[PDB]
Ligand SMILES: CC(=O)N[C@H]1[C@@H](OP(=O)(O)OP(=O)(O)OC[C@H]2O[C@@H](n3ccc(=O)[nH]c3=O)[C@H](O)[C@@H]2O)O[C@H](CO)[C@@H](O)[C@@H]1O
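Next comes just one chain, in structure tokens: the form solved without the named molecule.
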């Protein structure tokens, strides 16, 4: 019905980021005044300026005079903006509150039925599936999706509905700012510990989050994941409603993946829903337009979340059938040639060994619908520390491909470690492999190694996504 007083005139430091931009859009659509600052001009800055936001390029204290009567709050994000930023200093000097993005999002979600999706990976896809399912059922939920894949998949919308669907980051402690009515948890793996220092504290963030669920709420949780299954048990012992989904049958399972197959038109799964949800007809068929069995598991999570707020299961399944995937999630970049002899180039954000194995299994199942292609992966390791810790597991996961090109480590503002490179991963791969540390040489080499019917996947969380188009060009030039 209203914005809280602290959110009426908001100045956003780093407003050009996709998450900050979505928050600013929602603020504006609910009658807020927004000013901001960013290091670099971009299309998001232009769009926000066009909607009435006063945005200065570059950070400077004067930006705090843009709003009439001064800013009621300054919104930053600790991951991107340092505490030594001039505008944060000026804000603390005048006594203007400084908040992080998740607190603002929590204030925006207040008064709605909130569906939060978290987990180590698969958050963006599951949140997007849930949003698409709800919209297919005629609803107009508010939402804020994105984060896990960087800018990819990030979007936000102020809706007329009573629901608010949000992706919750678990890598920086944002989880604990939220109060979910329905909490979905895709998995809990031993990663993203850089903020927590230990597996134990990271796992504990999820227990605290589960405790934050409103009375009478529900936790949808994947139980094929070990951390997820343990957390589901712990949550059941707290008295909380627990909707489990996975592949192992059980009396305490809300939804079960009985079978899954990849076909030429798309994927098809057979599932069993608990009799409490939906109807007595036992086995349901769930078709999907996205490849991969793990996508069917994600879809089960979104389905249970949607049913919890009163959407009919069959119509939700219809809506999930039309989900097309998000950017950098086995995303088709392009095709060279036609039919069975065509070479397809895909893009994927996978950077955890489980993600790598899942993506390569999906690629192999896609290949099995063709007539004899090969799977070539172009993998860019994501961090020096991650590479040093996980190189053996990375190479083991990459062994699922027919050919592997390994790029050098993408640093991502991390301090370089002596003795660590992409070759640290390349040492552990058993299948045909090439180490290509020169970025500009990659595309050509891949184009030379391609055969008709091949599936090519650029994989990684950094620069590697830019190689998809180039490869295609280098393939079409090769077509003489």
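Residue numbers count along the first chain shown, from 1. Only residues modelled in both forms are compared. Rigid core here is just the name for the largest C-alpha set that superposes within 1.5 Å across the two forms.
- Relative to one another, 421-429 and 449-457 have unequal mean CA B-factors, and 449-457 is the one with the higher figure.
- Mean CA temperature factor is higher for 90-98 when stretches 90-98 and 286-294 are set side by side in the entry.
- Comparing C-alpha B-factors across 246, 264, 310, 159 in the deposited entry, the largest value falls on 264.
- As recorded in the PDB entry, 343 shows the highest C-alpha B-factor of the residues 303, 182, 400, 343.
- For residue 467, the recorded CA temperature factor ranks within the middle third of the chain's modelled residues.
- In the deposited entry, the Cα temperature factor of residue 57 sits in the top third of values across the chain's modelled residues.
- In this PDB entry, the Cα temperature factor of residue 209 sits in the top third of its chain's modelled residues, the highest group.
- When the modelled residues of the chain are ordered by C-alpha B-factor, residue 7 sits in the lowest third.
- Ranked against the other modelled residues of its chain, the C-alpha B-factor of residue 69 as given in the entry falls in the highest third.
Absent from the display: the form deposited with the named molecule bound. The rest refers to it.
- Looking at residue 77, you'd find a heavy atom of it within 4.5 angstroms of the named molecule in the deposited complex.
- The closest heavy atom approach of residue 194 to the named molecule in the deposited complex falls outside 4.5 Å.
- Mapping the unseen interface onto this chain, residue 147 counts among the residues with a heavy atom inside 4.5 Å of the named molecule in the deposited complex.
- Within this chain, residue 466 is remote from the site of the named molecule in the deposited complex, having no heavy atom within 4.5 Å.
- Heavy atoms of every residue among 20, 59 and 151 are located within 4.5 Å of the named molecule in the deposited complex.
- For the options 449, 28, 54, 39, the residue carrying a heavy atom within 4.5 angstroms of the named molecule in the deposited complex is 39.
- Checking 262-270, 77-85, 295-303, 366-374 against the named molecule in the deposited complex, the stretch whose residues place heavy atoms within 4.5 Å of it is 77-85.
- Rigid-core fit between the shown form and the other one: of 258, 229, 80, 309, the one residue whose Cα shifts 2 angstroms or more is 80.
- In the deposited complex, the separation between the C-alpha atoms of residue 83 and residue 19 grows by 3 Å or more relative to the displayed form.
- The protein segment that moves between the shown form and the other one, counted as a run of at least three consecutive residues with every Cα displaced by 2 Å or more relative to the fitted core, is 77-84 alone.
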